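Taking it in order: structure first as structure tokens, then the write-up.
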Amino acid sequence: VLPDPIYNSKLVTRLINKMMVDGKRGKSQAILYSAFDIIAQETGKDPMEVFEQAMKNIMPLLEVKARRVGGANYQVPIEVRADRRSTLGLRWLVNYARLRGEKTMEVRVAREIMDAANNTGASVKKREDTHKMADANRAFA
Amino acid sequence: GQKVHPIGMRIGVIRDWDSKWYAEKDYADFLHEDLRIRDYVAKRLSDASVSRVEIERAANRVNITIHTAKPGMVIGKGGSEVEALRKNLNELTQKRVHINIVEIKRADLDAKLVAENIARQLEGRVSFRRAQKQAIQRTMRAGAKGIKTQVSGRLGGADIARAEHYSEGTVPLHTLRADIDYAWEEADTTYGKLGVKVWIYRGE
Amino acid sequence: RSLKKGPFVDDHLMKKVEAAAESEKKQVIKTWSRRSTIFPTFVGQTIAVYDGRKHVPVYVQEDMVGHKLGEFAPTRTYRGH
Amino acid sequence: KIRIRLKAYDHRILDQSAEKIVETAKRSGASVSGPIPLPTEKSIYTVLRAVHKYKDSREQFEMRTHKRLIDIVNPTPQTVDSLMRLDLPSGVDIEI
Amino acid sequence: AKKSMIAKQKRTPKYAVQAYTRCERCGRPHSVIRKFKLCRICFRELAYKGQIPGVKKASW
Amino acid sequence: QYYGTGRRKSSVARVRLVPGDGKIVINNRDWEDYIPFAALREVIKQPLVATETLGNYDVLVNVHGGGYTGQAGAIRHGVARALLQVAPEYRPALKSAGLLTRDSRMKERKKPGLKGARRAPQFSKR
RNA sequence: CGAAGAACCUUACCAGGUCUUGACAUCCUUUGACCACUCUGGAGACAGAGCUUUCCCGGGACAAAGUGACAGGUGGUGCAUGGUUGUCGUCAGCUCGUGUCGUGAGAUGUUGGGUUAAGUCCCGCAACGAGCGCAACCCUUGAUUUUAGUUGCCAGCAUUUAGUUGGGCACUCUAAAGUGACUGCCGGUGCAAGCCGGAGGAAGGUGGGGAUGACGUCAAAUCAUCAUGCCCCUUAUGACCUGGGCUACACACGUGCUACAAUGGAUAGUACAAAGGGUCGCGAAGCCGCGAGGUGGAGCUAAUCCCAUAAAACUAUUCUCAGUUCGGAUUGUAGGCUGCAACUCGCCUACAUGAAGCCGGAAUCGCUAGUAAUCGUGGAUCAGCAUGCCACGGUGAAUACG
Ligand SMILES: [Mg+2]
Ligand SMILES: [Mg+2]
Ligand SMILES: [Mg+2]
Ligand SMILES: [Mg+2]
Ligand SMILES: [Mg+2]
Ligand SMILES: [Mg+2]
Ligand SMILES: [Mg+2]
Ligand SMILES: [Zn+2]
């Protein structure tokens, strides 16, 4: 991988690659650029700072693994790898940004990063729910 | 498993194809002409130990080189055998013909010749152990660095068939720096057909 | 033929049908032709068309001009399993 | 102002035949170009390895051509004669 | 069959559309390559044997 | 006129450098009329910013083969080559930036029995 | 999947109409050009007539009729066979000579400790060695030198609508011979093999990808590619012709193509590919036609010319999230090609119709990198008939804790 041409972040390039569909890097990259332009419009501040806050909010710590224990299969919690951490953040971001149901993709993504920096959205509900099930099953650690 | 034809694996690598010419609009015609030619040669010179045939084309002439162990039958006491050949080959080709005849030394270093030996033996009801083994010893005396044979069929008149293979010497088929010769010949029996396969690993 | 360069009809059928103007339609014409068009000149005279095993009669009309003869003589006999 | 095109299946035969022509052509007239290589136009025939079944397992056969081109720049009747007499290792095709 | 069919191939048909290719060695109609005029399996045989000019085994 | 060749996939860029202000032609066209994307244009810049030589030379390019990104990769490659040519002391910078690594990722064969290079059909036991 | 092309032919099957030394070969006897084209009865095979058969120098080659020997069978058995093939599995294993232990069958070797992609390689051992395999030799890709510069290239140059024309091989490109990458070098550890890191270099760890498939297993498949033993039919299980069927249709499975849409569709403009094919074949420009195509005939036996606008991408405008300008079936009418012929039963076009489908149950499949996904292109077969097959490049990811 490599950092983005414009911003000094590999996260942007990864998010582009994870929104990309059938090699359409141009479309993906352009819409993410315009989506940061939208969040700069409606916020006026650092797109990197707001995207970082959204990351830090959607970013899980604990996650379940499915393990055979005692003649069945259980959910045991485990501290997630630092790479899978970001991977799951970006994955969840893109998937809720698709299933949302607004007009345009850049719009969906921009609203989700806003909500995420604000500690709202399906993507944060996901982190909370993962913590909730792992904590329910923390007996097995 | 299944083996690749160790000649075909080595065409364009260390062996030149025997049917040598260039052609366009004339290709199929020349090909099937030369297949008819090889049918003629194999038909009327199987007895003569014919073992290789290279074809050449230029100026409309049908140039040929027959590598044989006994020239004394393809030519010899008459001097009219090769003339008969080029006459009938003129009748077929509708062209001119010329035929060189090369003497093979160490005739037991050609898998085709060895396979015809073994096949004629097995038609004369010789033991398929003695046949393979005597051919092997003749090769390794003639100068083969390696030899291998096998027979498959109704060996000895059985109902169920199998294969019997025997090898002396180094016979690496995966190496391509190998100069290997290969051959497959068929023998007839009152029970059915026997397949003889041979291949030789040679000096340099 | 699909093209303005046509139509098509078998000569061995056109000739017999033209001779069949004095037929009076008491007789019938057999053909192994299913590929030949129907002209209006075929009208009235029943044709017995060879489906593969038998000659099946068809009565020509103004309405079945423009089509072929085989459309009125099926090949595959099928009864709803 | 005359041209030779040599095309065959064997680049060693073809190169050496061209070198033969070029040396003889320089002997019979000094001013001649060198041989120039053209692209190797080829044909890959793809065949069922098996007889009956097994569409999935195959064997591939490449028929290449190698070919060189020569341009004579000052002919003489000596050159034309040296090329009119000369027969090459067959398996090739000469074109003038 | 196949001998009568190989005969009927070679004589000229009623209409020229009725042509069709057959390997002269073994008159199978399928997978006969008009550039060689051979069927695929005979072609593989002879190509192994080196009785076809210029063809070898395609590595790449 | 400094010179370099550059290859990426099936793209071939014969590229040359002169001393100038920073103007760039590609196939007798504007770099912006040929590569409109900021991403690919920055990709072209990458050697000239890894070693601070952007505001010094003009990049003059001709290209054939491949697509737009491949041509871009070829161009940056030949550029880094010509930077070596004008100054071997740019070798360490451009090597450690990885621009001299001729991208050997070529497009892989299709094979028989496979619907691509590696893809196989959908397996079924029954 | 055989099928790299089921309209007739193919085609082996069916119905009908016909022939029996035959549709196809040798041997005998007579003769010699045999035939070709027209007419009539025909669905045609085939019958009647005509015109008209020039054999060439006893020989040669092919031919009509007699005549029996023989022919012919896509008739059988892949549990008699060859050869060809998958398959475990490109898994790393299978064996053998001599020696030794064991009454013996058997073992040893080939186990062990390490290591490796690998019975790869080292240390050890009653084994020492070898063969098949592994690896490597081969092709291709990845950088570069010399040779040669047209049909390719165009920098320094002028000039053309055009790299055009002149000129020159600089650079590409082409393709022959070379170079290089070999743990070869350095640091760490190991006893050692080796392992990890580092450097240089284009490439670092069998660089990437191919072909390359050991003894043998499934009495795996193939008598329908071919040959082939035995058996069977041999005025018919053989042969010709027409027409039909292999394309059926209550229903089940597999494999794929198309979609179910806004990372999109309609419309316009518009940039960048590779690998390939072409002689009676590619077929240009220009023109007519909404279009499929027609006309035309340039150039080309091809790095020259054509097939051949590459499409996705990008830019603009519109549609505004809807069973919709989605989707494109199905059907009606009218066209175009191909071919003697497009009903059964081809493909393509125009107009209209506008189906189902608003992301798929239980389950289940491919993929570790220029790969998956996605977009077009070409080739074969082929008159025409592809969502199939094999190759091509374009764009280009996610992830691997274990
Ligand atoms: Mg046909
Ligand atoms: Mg079997
Ligand atoms: Mg069977
Ligand atoms: Mg190997
Ligand atoms: Mg069986
Ligand atoms: Mg079928
Ligand atoms: Mg792993
Ligand atoms: Zn054949």
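Numbering of chain E is taken from Swiss-Prot, so the residues present carry the numbers 2-61, in order.
We read in the header that electron microscopy, 2.9 Å was used to get this structure.
Heads up, the Cβ atoms here are built off N, Cα and C, so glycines get one too.
Annotated features, as they stand in Swiss-Prot:
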{"type": "BINDING", "residues": "E:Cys24, E:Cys27, E:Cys40, E:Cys43", "note": "Zn(2+) binding site"}
For E:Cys40 (Zn(2+) binding site): intrachain residues, at least 6 apart, with Cβ closer than 8 Å
E:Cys24, E:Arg26, E:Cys27, E:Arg29, E:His31, E:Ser32, E:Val33, E:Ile34
Listed binding-site residues (E:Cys24, E:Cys43), ranked by Cβ neighbours within 10 Å, top entry
E:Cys24
Tally every other Cβ atom lying within 10 Å of the Cβ atom of E:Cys27 (Zn(2+) binding site).
13
Same chain, not part of E:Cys24, E:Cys27, E:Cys40, E:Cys43: whose C-beta falls within 8 angstroms of the C-beta centre of the Zn(2+) site? Give them in sequence order.
E:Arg23, E:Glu25, E:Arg26, E:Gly28, E:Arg29, E:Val33, E:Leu39, E:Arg41, E:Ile42, E:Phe44
Three-state secondary structure, which DSSP defines for E:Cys24 (Zn(2+) binding site):
coil
